[PDB]
């Protein structure tokens, strides 16, 4: 199954450390996030919100970028990676109406998204889900996990991304910080 659901409420494998409502309307604070590998129609009891999205194909990265990523990126579920951060993102209509070269140019040529992210590997593990195509309020669910040592670096990475040309098209962002139970 390529579909993943994230349920904020009173149960789950993760503990909410904090939520930062960076841009746009925020998400309600909850005790825990429950993550599932399937669609969930039945909104669980004592749960404030459901996010969902699917794993998909590459949309921007070229072969050499892929090769570079594969050489250093860590797997998920390292025993040390006890911290995680869920970051929903929505981009603007002006971004989506742009052609594929335009988007590619802003993504790597101007914002160096891959080159910058590579500096934070192997400390940081990541998963990218898509959800615009499902009719969700956000376009993307981004997932990061790392050991505490790397929390500082990760905060540094967030502030760099937010300074890029790419982030000018971002109209909604929340940080959910998590600790594995």
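Positions refer to the first chain, counted from 1.
For residue 119, the record comparison shows coordinates present in all the other entries of this protein that model its neighbours, with no third of them leaving it out.
Of the other entries compared for this protein that flank it with modelled residues, all give atoms for residue 139, so not even a third lack it. The mean C-alpha temperature factor is higher for 39-47 when 39-47 and 25-33 are set side by side. Looking at mean Cα B-factors across 54-62 and 119-127, the upper value is held by 119-127.
Of the candidates 109, 103, 90, 78, the PDB record gives 109 the highest C-alpha temperature factor.
The PDB entry assigns residue 71 a C-alpha temperature factor belonging to the highest third of its chain's modelled residues. Ranked by C-alpha B-factor against the other modelled residues of its chain, residue 155 falls in the middle third. Per the PDB record, residue ranking by Cα B-factor puts residue 170 in the lowest third of the chain.
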